[PDB]
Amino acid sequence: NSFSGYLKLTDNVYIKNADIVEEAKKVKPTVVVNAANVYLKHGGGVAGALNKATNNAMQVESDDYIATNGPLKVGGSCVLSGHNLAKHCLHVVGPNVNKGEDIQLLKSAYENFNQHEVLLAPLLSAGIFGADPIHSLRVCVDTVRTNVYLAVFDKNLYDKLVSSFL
């Protein structure tokens, strides 16, 4: 495929220091993963960046989804359009540690990835969701069996994830 410049961590997990928006625009993957919240309000972090790249179409679609179906559950997901970034967007809700949500639900969140053969994704529950990114990467590797291409924006965090990997 057209994923380029990734470091192989395991048989099926790959990582790159890259902006996931820029990577999606270049590769046009079948699935890009959004780091969503249960209301699909794409205000900040990865979600805010992906939605802005779609010129707010992701938010309009999401609002219709919530009006029809109600909120997601922490650990859950839904598949919506990828707009100009991808065929599909898999919106996955990891726990937000700043809200007291149970970190054990991060494993449930990553299990959603197993329904898709290839994904471009961020580290779930990192950044503004408050979890330790080294832990998130460990759960990813121990849970996901399909092909995942992880994009980590912060170069200092990228170097720490690679250098500390077991």
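Start at 1 with the first residue shown and count on from there.
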{"property": "Between the two ranges 18-26 and 138-146, the one averaging a larger CA B factor in the entry", "result": "18-26"}
{"property": "Residue range whose averaged C-alpha B-factor is higher in the record, 96-104 or 37-45", "result": "96-104"}
{"property": "Record-listed C-alpha B factor of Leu72: chain third", "result": "middle"}
{"property": "Third of chain Cα B-factors occupied by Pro122", "result": "lowest"}
{"property": "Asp132 by Cα B-factor - lowest, middle or highest third of the modelled chain", "result": "highest"}
{"property": "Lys87 - which third its CA temperature factor falls in, relative to the rest of the chain", "result": "highest"}
